[PDB]
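Here the entry's author numbering is used: the first residue of the sequence shown is 321, the next is one more, and so on.
Even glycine gets a Cβ: it sits at the ideal position worked out from N, Cα and C.
The next block holds one structure in the form of structure tokens; read it before the comments.
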Amino acid sequence: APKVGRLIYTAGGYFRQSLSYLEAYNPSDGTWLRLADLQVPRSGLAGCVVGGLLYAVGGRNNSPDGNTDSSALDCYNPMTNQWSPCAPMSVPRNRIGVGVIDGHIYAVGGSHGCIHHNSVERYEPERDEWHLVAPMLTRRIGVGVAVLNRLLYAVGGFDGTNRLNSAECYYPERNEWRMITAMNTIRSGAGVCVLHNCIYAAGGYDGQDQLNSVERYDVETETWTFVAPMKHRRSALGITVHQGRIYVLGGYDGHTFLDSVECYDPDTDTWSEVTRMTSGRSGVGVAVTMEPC
Ligand SMILES: Cc1ccc([C@H](CC(=O)O)NC(=O)Cc2ccc3c(c2)CCCC3)cc1
């Protein structure tokens, strides 16, 4: 699984307005590279990687003139430093969550104006087609999504009335969603990822304050356990895993748009500041793939 020359890509984001940046961080030497801008600015999107290609999914273009929720799927090839449009999703999805099962991209929840989706759809890259699958049991915007052992988890979010501590799991062979144990803490816009045999939920927003607490769901024991908290409270953060460590990027803490990137080491249960982004921003999409050539 580990290979040399992989970077942490951050796409889009929000600061005053939705952003077009694509920038890549190299943990091996601490450098940032600025790459090809997104064709359309977008915040509240999600990123993922299939077959060494980076995908930017959903979001919203919050611009000086208006707010346009995105149904777009766009693909970045590091070999060419170019974005290519793909088939669009069935519906615009801002504040989206995304996960990949066996090379297929799942787009989960999100908002379209005042509409809060429980719908879910699945993208087939070779066929360039989206199709709807079973909807979630709960409408979730700002939902955290991660895949472990070819099961897809949807964690927290906002249903239009309450921020959520609930979570649920999608079982592909049954096309069926089931509730799992609820988190200890209500979290909207948390960073959600997979590390070892646990689903981590870092930070988020409870309608009052941004959070620095982090908790992980053990898919075997079905319990949520707090780990060491992040140094900086944040919601609408980006998150990814690289070489056995969690990286959180940016977000909003109620006072500033963070540029800080923290790295969690599960062997020592400690966070450390590893770098800063080129500028503070929230609502980014993040994924890991090979460096451009
Ligand atoms: C991508 C995403 C995911 C979840 C959320 C949730 C959605 C909810 O619970 O209302 N909200 C937050 O976290 C709070 C927040 C986050 C970013 C910003 C602000 C407020 C205000 C200033 C602009 C930036 C927002 C965005």
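Of the residues the options, which one's Cα is nearest the Cα of residue i?
i	options	result
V377	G386, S348, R415, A356	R415
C489	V463, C368, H451	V463
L557	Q563, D538, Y525, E542	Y525
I421	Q563, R494, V467	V467
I328	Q563, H424, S602	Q563
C368	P384, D394, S383, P361	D394
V568	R494, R596, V324	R596
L374	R380, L355, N381	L355
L339	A548, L531, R380, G325	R380
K551	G570, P398, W544, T543	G570
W544	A427, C613, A487	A487
residue 316	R601, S410, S599, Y584	Outside the displayed span of the chain (321 to 613) sits residue 316, for which this structure offers no information.
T400	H424, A321, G372, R553	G372
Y520	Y396, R553, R565, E493	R565
Alpha carbon to alpha carbon, what distance is there between residue j and residue i?
i	j	result
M610	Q359	21 Å
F335	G364	12 Å
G509	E446	31 Å
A522	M503	11 Å
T560	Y473	15 Å
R498	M456	8 Å
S580	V475	24 Å
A607	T330	7 Å
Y341	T588	33 Å
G480	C434	8 Å
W591	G417	24 Å
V370	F577	30 Å
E496	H437	16 Å
Apply the 10 Å Cβ neighbour rule to residue i and answer buried if 16 or more other Cβ atoms are within range, or exposed otherwise.
i	result
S390	buried
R470	exposed
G429	buried
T458	buried
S383	exposed
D385	exposed
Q530	buried
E535	buried
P405	exposed
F478	buried
Check whether the segment 534–544 touches the segment 335–351, taking contact to mean three or more Cβ pairs, one atom from each stretch, closer than 8 Å.
no
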